[PDB]
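Engineer: please work out how this folds:
(one chain, ligands or ions: 1)
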Amino acid sequence: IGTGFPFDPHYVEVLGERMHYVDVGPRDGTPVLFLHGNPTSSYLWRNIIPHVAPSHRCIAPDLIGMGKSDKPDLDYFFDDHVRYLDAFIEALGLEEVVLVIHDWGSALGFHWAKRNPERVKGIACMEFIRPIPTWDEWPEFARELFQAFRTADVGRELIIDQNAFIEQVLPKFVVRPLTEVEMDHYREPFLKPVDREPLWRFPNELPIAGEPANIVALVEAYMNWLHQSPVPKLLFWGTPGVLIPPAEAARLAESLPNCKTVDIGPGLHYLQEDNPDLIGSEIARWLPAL
Ligand SMILES: [F-]
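Structural biologist: Numbers count the residues shown, from 1 in each chain. Pasting the structure now:
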């Protein structure tokens, strides 16, 4: 599995801040917009993009405060990310898009799709955010850790001081062993503890047990939209998963209209790190029929 990032950097000004993005592929069709989540960046898509770039433009931004994007003095609530991603999409003058989305990038993508349904031609998704009714629906192997992340003082000490989202959650949520070269890519934006705010705010935004109420409501809303939308959907899943266990992926194959699922094999949360070639090849096979 490749560890390099062989992509020319691009930057665009968004609400007075610079955002980094990958931009490869032909420029005369519907672009494919790749949205990472926590604690990753466009690096997470590095081995998937090459499958799609021969036929389609691939745009992969680094979220505000992440990757090579600028680090404004924000609290980095979900709403902050919504504002910057909305403005990034407009700054590139994108019209219709296909979304490829994961984790908080899926909350962003689904929320954008709900608000701009005529502009979404297809959605490929994996390990995406739904409301989590109770802690029992969070995997036991990561339950105490995420509960700690959401505990006053304790969570900041873990994520801000000890860098636990990078150092603990990444290896925990990839089935295969990650290499040092890969870990160093993921570490690069967060060498300075103060810069880790997004990494801590994100798990504190997860819709778990009805809290925070604003996120639960927003995620319920995009899920009601998704369950009634005719947009083509391609859902990748692994065993045992984290946010989307096998039995749930099988239900969604039916409970989401126009949906196909792809089993990537063993996988936890960062499925892109376990089977990037199957994800990329199957997205490439699915695109032309949109
Ligand atoms: F998170």
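Engineer: pull up the distance across stretch 240-248, start to finish.
Structural biologist: Taking C-alpha to C-alpha, to the nearest Å, stretch 240-248 runs 11 Å from one end to the other.
Engineer: so which bits of this protein are right by the ion?
Structural biologist: Within the chain, the positions lying close to the ion (C-beta under 5 Å from the ion) are 38, 202, 203. Using the backbone N, CA and C atoms, a C-beta is placed for each residue, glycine as well.
Engineer: what sits closest to residue 173 if chain neighbours are left out?
Structural biologist: Once flanking residues are discounted, residue 173 sits nearest to residue 269: 3.7 Å by C-beta to C-beta, 6 or more residues apart in numbering.
Engineer: quick check, that neighbour in a strand?
Structural biologist: No. Read with DSSP: H, G, I helix; E, B strand; the rest coil, residue 269 is coil and lies in no strand.
Engineer: need the contact list for it.
Structural biologist: 103, 127, 173, 174, 241, 242, 243 (C-beta atoms under 8 Å, 6 or more residues apart in numbering).
Engineer: what distance do you get for residue 19 to residue 270?
Structural biologist: 22 Å (C-beta to C-beta, to the nearest Å).
Engineer: torsion angles phi and psi at residue 8?
Structural biologist: phi -60, psi 130 (degrees, to the nearest 10).
Engineer: what's the neighbour count on the residue of the stretch 1-150 of the chain found nearest the ion?
Structural biologist: Residue nearest to the ion within the stretch 1-150 of the chain: residue 38 (4.1 Å; C-beta to the ion). The tally of other residues near residue 38 (other C-beta atoms under 10 Å) stands at 23.
Engineer: check contacts around it.
Structural biologist: Residue 38 touches 103, 104, 165, 198, 199, 202, 203, counting by C-beta under 8 Å, 6+ apart.
Engineer: right, and the fifth one touches residue 159 too?
Structural biologist: This means residue 199. Yes. With contact defined as C-beta atoms under 8 Å, residue 199 reaches residue 159; the gap is 5.3 Å.
Engineer: which residues are common contacts for those two?
Structural biologist: Any residue near both residue 199 and residue 159 by C-beta under 8 Å, 6+ apart counts here, and that gives residue 165.
Engineer: out of the two, which sits in the busier spot?
Structural biologist: residue 159 (30 against 24).
Engineer: grab the nearest non-local neighbour of residue 91.
Structural biologist: residue 12 (4.9 Å).
Engineer: what kind of secondary structure is the one you found in?
Structural biologist: strand.
Engineer: what's around residue 72, how many residues?
Structural biologist: Neighbour number of residue 72 under other C-beta under 10 Å is 13.
Engineer: still on that earlier bit, of the contacts of residue 269, closest to the ion?
Structural biologist: residue 103 (6.8 Å).
Engineer: bridged to that closest one, which residues?
Structural biologist: Counting by DSSP bridges, residue 103 forms beta bridges with residue 128.
Engineer: and it, what does it touch?
Structural biologist: 36, 37, 38, 40, 127, 128, 129, 243, 269.
Engineer: ranges for the strands of the stretch 101-250 of the chain?
Structural biologist: 120-128, 233-240 (DSSP state E, counting those that start in this stretch).
Engineer: give me whichever of the ones you listed is most buried.
Structural biologist: strand 120-128 (a mean of 24; mean count of other C-beta atoms under 10 Å).
Engineer: kindly format the C-alpha coordinates of it as CSV.
Structural biologist: Coordinates of each C-alpha in strand 120-128 appear next as CSV, following Å, rounded to 0.1, in the frame of the first residue of the first chain:
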residue,chain,number,x,y,z
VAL,A,120,-25.1,15.8,-6.2
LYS,A,121,-24.8,13.2,-8.9
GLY,A,122,-23.7,10.2,-6.7
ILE,A,123,-22.4,9.5,-3.2
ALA,A,124,-19.7,7.0,-2.4
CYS,A,125,-19.5,6.6,1.4
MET,A,126,-17.8,4.5,4.0
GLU,A,127,-17.8,4.5,7.8
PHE,A,128,-20.1,7.5,7.8
